Each structure stands twice: as structure tokens, then as C-alpha cells.
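For reference, entry_5.cif is printed below; it contains mmCIF, C-alpha atoms and all ligand atoms.
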data_my_file
loop_
_atom_site.label_atom_id
_atom_site.label_comp_id
_atom_site.auth_asym_id
_atom_site.auth_seq_id
_atom_site.Cartn_x
_atom_site.Cartn_y
_atom_site.Cartn_z
CA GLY I 5 41.76 118.20 11.96
CA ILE I 6 39.04 116.19 10.23
CA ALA I 7 37.38 114.17 13.02
CA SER I 8 35.04 111.58 11.43
CA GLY I 9 31.83 110.77 13.37
CA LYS I 10 31.98 113.79 15.72
CA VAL I 11 29.54 116.73 15.80
CA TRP I 12 30.68 119.36 13.26
CA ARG I 13 29.55 123.00 13.58
CA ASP I 14 29.56 125.99 11.29
CA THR I 15 31.13 129.43 11.92
CA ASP I 16 28.03 130.55 13.86
CA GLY I 17 28.25 127.47 16.12
CA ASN I 18 25.28 125.60 14.58
CA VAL I 19 25.40 121.88 13.67
CA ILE I 20 26.19 121.38 9.93
CA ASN I 21 23.09 120.00 8.15
CA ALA I 22 24.16 118.77 4.67
CA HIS I 23 23.51 115.01 4.38
CA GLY I 24 23.86 112.85 1.21
CA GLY I 25 26.06 115.68 -0.05
CA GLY I 26 28.80 116.63 -2.48
CA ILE I 27 31.30 119.46 -3.06
CA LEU I 28 32.59 121.73 -5.83
CA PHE I 29 35.28 124.47 -6.05
CA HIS I 30 34.63 127.86 -7.69
CA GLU I 31 36.40 131.24 -7.63
CA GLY I 32 38.62 130.29 -4.65
CA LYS I 33 36.00 128.56 -2.39
CA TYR I 34 34.56 125.09 -1.75
CA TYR I 35 30.72 124.75 -1.75
CA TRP I 36 29.10 121.80 0.10
CA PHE I 37 25.47 121.01 -0.87
CA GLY I 38 23.29 118.49 1.00
CA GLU I 39 19.88 117.48 2.44
CA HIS I 40 18.47 119.64 5.24
CA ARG I 41 17.18 116.91 7.57
CA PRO I 42 14.72 117.21 10.49
CA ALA I 43 15.44 116.27 14.17
CA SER I 44 12.30 114.06 14.15
CA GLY I 45 10.79 112.27 11.07
CA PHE I 46 12.67 112.06 7.71
CA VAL I 47 11.20 114.29 4.98
CA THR I 48 12.86 117.72 4.65
CA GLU I 49 11.06 120.79 5.93
CA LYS I 50 13.27 123.11 3.82
CA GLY I 51 15.13 121.61 0.77
CA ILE I 52 18.83 121.61 -0.15
CA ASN I 53 21.29 123.42 2.18
CA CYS I 54 24.69 125.01 1.26
CA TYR I 55 27.95 125.75 3.20
CA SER I 56 31.16 127.45 1.94
CA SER I 57 34.89 127.29 2.93
CA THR I 58 38.34 128.39 1.74
CA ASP I 59 40.11 125.64 3.79
CA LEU I 60 37.81 122.53 4.16
CA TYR I 61 37.78 122.99 8.00
CA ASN I 62 35.73 126.16 8.67
CA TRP I 63 32.24 126.18 7.07
CA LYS I 64 30.03 129.30 6.66
CA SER I 65 26.24 128.79 6.34
CA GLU I 66 25.04 130.13 2.95
CA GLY I 67 21.37 129.18 3.50
CA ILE I 68 18.97 127.03 1.51
CA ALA I 69 20.17 126.86 -2.14
CA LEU I 70 17.07 125.03 -3.51
CA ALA I 71 13.95 125.59 -1.42
CA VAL I 72 10.72 123.58 -1.35
CA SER I 73 7.91 125.48 -3.18
CA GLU I 74 4.93 127.27 -1.60
CA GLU I 75 2.82 126.60 -4.79
CA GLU I 76 0.02 123.98 -4.53
CA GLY I 77 0.63 120.94 -6.72
CA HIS I 78 4.21 121.94 -7.74
CA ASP I 79 6.72 119.10 -8.30
CA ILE I 80 8.88 120.42 -5.38
CA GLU I 81 6.02 121.57 -3.11
CA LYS I 82 6.63 121.30 0.65
CA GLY I 83 6.08 117.65 1.62
CA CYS I 84 8.13 116.29 -1.32
CA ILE I 85 11.31 114.20 -0.72
CA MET I 86 14.58 115.78 -1.94
CA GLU I 87 17.70 113.54 -1.62
CA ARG I 88 21.33 113.24 -2.69
CA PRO I 89 21.81 116.59 -4.41
CA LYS I 90 24.84 117.22 -6.66
CA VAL I 91 26.05 120.39 -8.41
CA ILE I 92 28.26 120.72 -11.51
CA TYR I 93 29.56 123.81 -13.35
CA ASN I 94 28.94 124.01 -17.08
CA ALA I 95 31.94 125.79 -18.65
CA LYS I 96 30.11 126.43 -21.99
CA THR I 97 27.01 128.19 -20.52
CA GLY I 98 28.67 129.52 -17.34
CA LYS I 99 25.75 128.11 -15.25
CA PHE I 100 25.61 125.95 -12.11
CA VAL I 101 23.40 122.88 -12.58
CA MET I 102 21.89 120.88 -9.64
CA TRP I 103 20.44 117.38 -10.04
CA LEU I 104 18.69 115.54 -7.19
CA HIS I 105 16.44 112.55 -6.33
CA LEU I 106 12.80 113.70 -6.11
CA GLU I 107 9.71 111.88 -4.83
CA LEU I 108 6.40 113.73 -5.23
CA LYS I 109 4.43 114.78 -2.12
CA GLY I 110 2.20 112.06 -0.74
CA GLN I 111 3.47 109.31 -3.08
CA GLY I 112 6.11 107.61 -0.85
CA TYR I 113 9.11 106.47 -2.97
CA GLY I 114 6.87 105.42 -5.94
CA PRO I 115 7.63 108.14 -8.53
CA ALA I 116 11.45 107.53 -8.60
CA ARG I 117 12.36 110.78 -10.37
CA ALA I 118 15.42 112.93 -11.04
CA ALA I 119 14.99 116.71 -10.90
CA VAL I 120 17.12 119.54 -12.37
CA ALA I 121 17.57 123.18 -11.29
CA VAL I 122 19.92 126.07 -12.40
CA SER I 123 21.74 129.09 -10.85
CA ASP I 124 24.04 131.94 -12.01
CA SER I 125 25.88 131.70 -8.61
CA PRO I 126 27.31 128.65 -6.77
CA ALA I 127 25.31 129.29 -3.51
CA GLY I 128 21.94 130.05 -5.16
CA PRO I 129 19.09 130.57 -5.17
CA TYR I 130 18.53 127.83 -7.75
CA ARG I 131 15.51 127.85 -10.11
CA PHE I 132 13.63 124.49 -10.56
CA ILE I 133 13.25 123.47 -14.22
CA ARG I 134 11.64 120.00 -14.43
CA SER I 135 11.55 116.41 -13.07
CA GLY I 136 10.88 112.99 -14.50
CA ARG I 137 11.95 109.40 -15.04
CA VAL I 138 14.88 109.02 -17.45
CA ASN I 139 14.96 108.69 -21.27
CA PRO I 140 11.32 107.72 -22.15
CA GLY I 141 11.18 105.41 -25.20
CA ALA I 142 14.97 104.64 -25.36
CA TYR I 143 16.69 101.28 -24.88
CA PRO I 144 20.14 100.99 -23.26
CA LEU I 145 22.99 100.92 -25.83
CA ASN I 146 24.24 97.64 -24.29
CA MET I 147 20.90 95.75 -24.31
CA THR I 148 21.26 92.99 -26.92
CA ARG I 149 19.07 92.17 -29.97
CA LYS I 150 17.77 89.03 -28.24
CA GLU I 151 17.04 90.88 -24.98
CA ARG I 152 15.11 93.64 -26.80
CA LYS I 153 12.68 91.18 -28.47
CA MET I 154 11.83 89.18 -25.26
CA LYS I 155 8.35 89.59 -23.71
CA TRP I 156 7.56 88.99 -20.04
CA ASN I 157 3.98 88.21 -18.93
CA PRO I 158 3.67 90.05 -15.58
CA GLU I 159 1.28 87.38 -14.17
CA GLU I 160 4.10 84.83 -14.62
CA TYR I 161 6.80 86.77 -12.62
CA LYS I 162 4.92 88.08 -9.51
CA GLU I 163 7.18 86.41 -6.91
CA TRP I 164 10.49 88.27 -6.47
CA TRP I 165 13.79 86.32 -6.06
CA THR I 166 12.80 83.06 -7.78
CA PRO I 167 15.45 81.77 -10.21
CA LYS I 168 13.28 82.64 -13.21
CA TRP I 169 12.54 86.16 -11.87
CA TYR I 170 16.27 86.92 -11.28
CA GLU I 171 17.21 85.79 -14.83
CA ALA I 172 14.34 87.95 -16.21
CA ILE I 173 15.62 91.02 -14.30
CA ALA I 174 19.16 90.34 -15.57
CA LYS I 175 17.88 90.22 -19.19
CA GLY I 176 15.90 93.45 -18.84
CA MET I 177 12.33 92.73 -17.78
CA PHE I 178 12.05 95.99 -15.77
CA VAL I 179 13.72 97.99 -18.54
CA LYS I 180 10.88 96.88 -20.90
CA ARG I 181 8.28 97.56 -18.14
CA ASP I 182 9.47 101.14 -17.72
CA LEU I 183 10.42 101.84 -21.37
CA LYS I 184 7.43 104.07 -22.33
CA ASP I 185 7.50 106.53 -19.40
CA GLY I 186 11.23 106.30 -18.56
CA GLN I 187 13.73 104.50 -16.34
CA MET I 188 13.50 104.86 -12.55
CA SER I 189 16.03 107.06 -10.70
CA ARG I 190 16.55 106.98 -6.93
CA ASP I 191 20.07 107.24 -5.38
CA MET I 192 22.26 109.23 -7.86
CA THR I 193 25.35 111.22 -8.63
CA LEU I 194 26.97 113.32 -11.41
CA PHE I 195 30.37 113.31 -13.09
CA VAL I 196 32.02 115.77 -15.51
CA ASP I 197 34.51 113.96 -17.76
CA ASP I 198 37.72 115.35 -19.29
CA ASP I 199 36.00 116.02 -22.67
CA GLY I 200 33.37 118.26 -20.96
CA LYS I 201 30.66 115.58 -21.26
CA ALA I 202 28.63 115.10 -18.08
CA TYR I 203 26.99 111.86 -16.84
CA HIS I 204 24.01 111.09 -14.55
CA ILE I 205 24.66 107.82 -12.62
CA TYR I 206 21.65 106.32 -10.77
CA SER I 207 20.01 103.32 -9.12
CA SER I 208 17.21 102.14 -11.50
CA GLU I 209 14.81 99.19 -12.13
CA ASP I 210 13.29 99.12 -8.57
CA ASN I 211 16.87 99.85 -7.24
CA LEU I 212 18.12 96.53 -8.74
CA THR I 213 20.41 97.84 -11.54
CA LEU I 214 22.76 100.85 -12.01
CA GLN I 215 22.36 103.06 -15.13
CA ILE I 216 24.80 105.65 -16.60
CA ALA I 217 23.21 108.30 -18.89
CA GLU I 218 24.89 111.00 -20.99
CA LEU I 219 23.68 114.63 -20.47
CA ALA I 220 23.08 117.25 -23.20
CA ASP I 221 25.68 119.99 -23.78
CA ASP I 222 23.93 122.44 -21.35
CA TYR I 223 23.59 119.67 -18.67
CA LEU I 224 19.82 120.28 -18.42
CA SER I 225 18.48 117.10 -20.08
CA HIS I 226 19.48 113.56 -21.20
CA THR I 227 20.56 112.67 -24.80
CA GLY I 228 19.10 109.12 -24.97
CA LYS I 229 22.50 107.42 -24.81
CA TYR I 230 22.87 105.22 -21.70
CA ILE I 231 24.09 101.85 -20.37
CA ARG I 232 22.91 99.46 -17.61
CA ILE I 233 25.39 97.61 -15.35
CA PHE I 234 25.29 95.01 -12.55
CA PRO I 235 21.69 93.97 -13.09
CA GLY I 236 20.20 92.52 -9.93
CA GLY I 237 23.24 93.68 -7.90
CA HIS I 238 21.34 96.20 -5.70
CA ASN I 239 24.15 98.82 -5.84
CA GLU I 240 23.22 102.16 -4.22
CA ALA I 241 24.73 105.49 -3.04
CA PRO I 242 27.18 105.83 -5.99
CA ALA I 243 30.39 107.90 -5.68
CA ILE I 244 32.82 108.22 -8.64
CA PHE I 245 36.23 109.54 -9.70
CA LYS I 246 38.76 109.21 -12.55
CA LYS I 247 42.54 108.79 -12.10
CA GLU I 248 45.18 108.36 -14.84
CA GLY I 249 42.58 107.15 -17.38
CA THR I 250 40.68 104.75 -15.13
CA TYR I 251 37.18 105.20 -13.67
CA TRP I 252 36.56 104.10 -10.05
CA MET I 253 33.11 103.94 -8.40
CA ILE I 254 32.20 103.08 -4.77
CA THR I 255 28.72 101.88 -3.88
CA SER I 256 26.77 100.39 -0.96
CA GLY I 257 24.30 97.52 -0.98
CA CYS I 258 20.57 97.95 -0.31
CA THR I 259 19.82 97.48 3.42
CA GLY I 260 17.74 100.52 4.42
CA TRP I 261 19.52 102.78 6.91
CA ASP I 262 21.74 99.89 8.09
CA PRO I 263 25.43 100.03 7.11
CA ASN I 264 26.69 97.20 4.85
CA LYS I 265 29.83 96.13 2.91
CA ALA I 266 31.04 98.68 0.29
CA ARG I 267 31.71 97.60 -3.32
CA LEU I 268 34.43 98.90 -5.71
CA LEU I 269 33.57 99.10 -9.43
CA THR I 270 35.92 99.98 -12.34
CA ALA I 271 36.01 100.69 -16.10
CA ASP I 272 38.42 102.00 -18.77
CA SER I 273 35.64 103.95 -20.58
CA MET I 274 32.55 105.53 -18.97
CA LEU I 275 30.04 103.78 -21.28
CA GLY I 276 32.12 100.56 -21.60
CA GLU I 277 32.10 97.34 -19.58
CA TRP I 278 32.46 97.58 -15.79
CA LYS I 279 33.99 95.05 -13.28
CA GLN I 280 33.42 94.47 -9.55
CA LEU I 281 36.41 94.42 -7.15
CA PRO I 282 36.72 93.69 -3.36
CA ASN I 283 35.51 96.11 -0.62
CA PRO I 284 37.88 99.11 -0.76
CA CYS I 285 37.64 99.65 3.05
CA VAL I 286 40.37 97.95 5.19
CA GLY I 287 40.81 97.50 9.01
CA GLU I 288 38.37 97.25 11.94
CA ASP I 289 34.68 97.61 10.94
CA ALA I 290 35.59 97.73 7.20
CA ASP I 291 32.82 95.07 6.79
CA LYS I 292 30.26 97.80 7.62
CA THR I 293 32.01 100.68 5.79
CA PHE I 294 33.06 102.12 9.22
CA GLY I 295 29.32 102.49 10.13
CA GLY I 296 28.78 104.72 7.05
CA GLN I 297 27.35 104.87 3.51
CA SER I 298 29.14 106.50 0.54
CA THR I 299 28.08 109.96 -0.76
CA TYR I 300 30.89 111.62 -2.79
CA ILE I 301 34.54 111.51 -3.85
CA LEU I 302 36.24 114.97 -3.79
CA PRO I 303 39.27 115.44 -6.06
CA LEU I 304 42.04 117.93 -5.14
CA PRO I 305 43.65 118.11 -8.65
CA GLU I 306 46.44 120.46 -7.56
CA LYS I 307 47.72 117.65 -5.32
CA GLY I 308 46.64 114.61 -7.35
CA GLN I 309 44.66 113.50 -4.30
CA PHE I 310 41.12 112.20 -3.61
CA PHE I 311 38.91 112.05 -0.47
CA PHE I 312 36.04 109.69 0.39
CA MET I 313 32.88 111.31 1.87
CA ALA I 314 30.19 109.27 3.60
CA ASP I 315 27.13 109.71 5.88
CA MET I 316 26.79 108.01 9.30
CA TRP I 317 22.98 107.80 9.46
CA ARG I 318 20.96 108.09 12.73
CA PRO I 319 17.44 107.17 11.55
CA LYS I 320 15.84 107.98 14.96
CA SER I 321 17.17 111.64 14.67
CA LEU I 322 18.34 112.27 11.12
CA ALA I 323 19.72 115.79 11.83
CA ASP I 324 22.13 114.13 14.35
CA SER I 325 23.58 111.97 11.47
CA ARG I 326 27.41 112.44 11.25
CA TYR I 327 30.02 112.70 8.47
CA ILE I 328 32.94 110.35 7.61
CA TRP I 329 35.71 111.96 5.52
CA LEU I 330 38.91 109.90 4.85
CA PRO I 331 41.80 110.10 2.30
CA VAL I 332 41.80 107.63 -0.58
CA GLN I 333 45.08 105.68 -0.65
CA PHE I 334 46.42 103.58 -3.57
CA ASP I 335 48.14 100.17 -3.56
CA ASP I 336 51.05 98.81 -5.59
CA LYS I 337 48.77 98.15 -8.60
CA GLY I 338 47.04 101.59 -8.40
CA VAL I 339 43.79 100.28 -6.90
CA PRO I 340 42.19 102.60 -4.30
CA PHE I 341 41.73 101.59 -0.63
CA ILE I 342 40.43 103.48 2.45
CA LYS I 343 41.71 103.32 6.13
CA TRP I 344 39.98 104.88 9.18
CA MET I 345 41.82 107.63 11.09
CA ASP I 346 40.23 109.35 14.15
CA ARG I 347 41.84 112.68 13.19
CA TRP I 348 43.81 113.75 10.10
CA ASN I 349 44.82 116.96 8.34
CA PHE I 350 45.00 118.09 4.72
CA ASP I 351 48.40 118.89 3.24
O1 LIG N 401 14.79 105.63 1.87
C1 LIG N 401 15.59 106.06 2.97
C2 LIG N 401 17.07 106.06 2.59
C3 LIG N 401 17.43 107.13 1.55
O2 LIG N 401 16.51 107.06 0.44
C4 LIG N 401 18.93 107.00 1.13
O3 LIG N 401 19.27 108.11 0.29
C5 LIG N 401 19.13 105.67 0.38
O4 LIG N 401 20.49 105.25 0.11
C6 LIG N 401 18.43 104.58 1.09
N1 LIG N 401 18.60 103.26 0.85
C7 LIG N 401 17.77 102.57 1.67
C8 LIG N 401 17.09 103.50 2.43
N2 LIG N 401 17.49 104.74 2.05
#

What do you get writing this file as C-alpha cells?
Ligand SMILES: OC[C@@H]1[C@H](O)[C@H](O)[C@@H](O)c2[nH]cc[n+]21
Amino acid sequence: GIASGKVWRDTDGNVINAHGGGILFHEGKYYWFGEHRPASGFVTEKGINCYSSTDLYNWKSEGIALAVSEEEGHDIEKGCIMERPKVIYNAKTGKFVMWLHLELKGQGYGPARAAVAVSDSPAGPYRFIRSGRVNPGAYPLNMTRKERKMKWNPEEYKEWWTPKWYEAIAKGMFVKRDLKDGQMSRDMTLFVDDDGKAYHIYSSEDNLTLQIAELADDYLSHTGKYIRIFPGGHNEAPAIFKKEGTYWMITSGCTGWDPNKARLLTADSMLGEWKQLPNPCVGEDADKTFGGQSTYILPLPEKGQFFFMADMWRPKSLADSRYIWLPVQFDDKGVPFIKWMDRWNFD
């Protein structure tokens, strides 16, 4: 059984340490990548951890897939923050590509970068390539003529959350601020579409606005084509899937480590217009996403099924943080919802 919120252990008997994670399937096995968290403090001592399974119940430790660097001044030197890793397989190159949220050593959460690394094998080791803010010099495809010409005197908009500040954010003030050096990227995920095009989905503009950016054909860089959605909405922790033509994304709000009400977002084209729907969680404690925060949606295409993965964060001992895994169910109109079960089994 899958017992959400309990202590899960690997085949050696050690607590599973793979937070903010996601999963892929390759050559007959599932690989689970996530943050290696410490028992005290919050910044990783090690990097990105990996576990493998044939059955989704029994997990073998494969070791650290992307390690912090021992080189002075390196972008991923020990002391850097590495969060919310995701791995995708590129069918054209035959490589495994990892993207993650990086903050440079000693700089807090200021830098707001995405990083990319590559492996010939699913478990690693992965080789770091580069990091940065996203699409320097490019405007979003859906920013209007009028919005692009506006100018915003920064001395006039110092106080956050005034009516004039909120309107300015909605119309793209922080896009223009960050245009030259690139858009900010904190919480993030990846999605490979049915045409083989991959997308990098991230919280941008001081976490206020979601952006969706097309990747190059090798998945190692951005093309310049991107959209911005829900400006000022403070959507975080994105998880995404596609079913029968329709895109579905689950997010949290922005309340630190505290659980909050999940949001459901939908579109009929990845770079088209998106809409916000009610909280997909139902039943007791649905108002706090069952004490969790979204991380990934795993498809099982052989069954036409989908499963919701979340973290149950314990900020006072982050390594003791737990996992919530629950089936996605669908209503009469095809819209996904999620119920809590103490114990359930895969078909
Ligand atoms: O900063 C600490 C944590 C991590 O960055 C999580 O990945 C992110 O979802 C979040 N939101 C608010 C606080 N935090």
C-alpha cells in the first residue's frame, strides 16, 4: 500500500530523502529524483538524490545523481541551494536532461536561476552545463503593444500592494525590470508534449506571475518563445499533465512552508490562454491541500491513469518531511479532483 504521511524507507531500511521531486520511466524502471535535505537547517549538504523501482512500492537507493561541486566559485559549489529537480528524456539525442531551481552560494534567494545538467544514464552522474535567468532580451509573446511601450519610474512604485502597484505588476512592470538580464525562475517544473516539444514552467517576477517557456530541440536551452499567466496571482509549486487534449496544472499559493489552498488551472493549448478553476482537493482538510504542497503529476499511460505527488514539509527537521501520493479522479465533465485515502494500492 501507499500510506501518505508515514515514514517511507528504502530497500536498505533508510528513510527516503527525495523532496520536491518527480518521476520518469525508462527501460522497465521508475526513477524518482528529489532534494537531499538535512535533519537540521535547510540548504542541501549533497545535491539531488535518486531512487529506482519496478513496482512503485520498493525503492532502491541509487545515490546522488547531481552532486554539489568541490570547485571554488562554481555555480553549484557546496553551499548553493538546489530545489525542485525534474528530469526528462530527449528521444532525438538519447540524453537525460535535468533542470532545477538554483540559488548561488551566499546570495539567499536573490539570483532566482534555473540550471541544466545532462546524463547518458537515468541515475547519473549528471554533468552541470550552465545556469541563468530566462530568455534575456525577449518579451513574452502575449504582452501587448501598449504594455510593451509603458515605462515605470521605480521611485513611484516602492510600496508593494497599493492599487497602482498591483495594476503595474499586472501590465508587466517586473517583466520590463528584468528584461535585459532575463526573467526570474524559482519554483519550476518540466513537461514533454505529444509533438516532442518540451516546456519549462516557473514562478517568475518576484514569484508573482507564472511563465511557460519553450525549450530548444536538445532540451538544453530556451528558444525565446514564452507566455506569462496569472500576473499577481502568486502561484507556486507547479505540477502539470495532459489528458484527451486538455492541459491541467495544480499549484499552491505563496505562504512559506505553511500549507494553503490548492488551485487548478487549465488550457486547450500550452501557449494559449489559461483559466483558473476551484481547488481540486475535496473532503476533510482539502482547504490546506491535506497538509501538503504539490510537486508532480505521474502519468501511467498504459492504464490511462494519473497520480498526484506532494510534499508534507517539516521546516524544523526538513529530512523528516513526508510524502502524499493520491490517485487523480475525474468528474462527470472530465475535470480532475483528489480525495485522501490512508492506504491505497495500484492496479
Ligand atoms: O524558500 C523555502 C521554500 C522552498 O523554496 C519551496 O521550494 C517553495 O515552494 C517555497 N515557497 C515558500 C517557501 N518555500

Using all atoms of ligand LIG 401 (chain N) listed in the file and a margin of 4 Å per side, can you give the axis-aligned box centre and edge lengths in Å to one decimal, as JSON?
{"center_x": 17.6, "center_y": 105.3, "center_z": 1.5, "size_x": 13.7, "size_y": 13.5, "size_z": 10.9}

So how many Å separate CA of residue 300 in chain I and CA of residue 312 in chain I, to one decimal?
6.4 Å

If you measure from CA of residue 34 in chain I to CA of residue 313 in chain I, what distance in Å do you get, rounded to one decimal?
14.3 Å

Give me the residues near range 99-108 of chain I as number ranges by chain, where near means some atom within 7 Å (using all atoms listed in the file) and where sequence neighbours in that chain fewer than 6 positions away do not count.
I: 79, 84-93, 115-126, 190-192, 223

Cut-off 6 Å, all atoms listed in the file, neighbours of ligand LIG 401 (chain N) as a PyMOL selection string:
chain I and resi 87+191+240-241+258-261

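Distance annotation: of I:246, I:181, I:226, I:265, the residue with the minimal separation from residue 340 in chain I is I:246; atom set is all atoms listed in the file.
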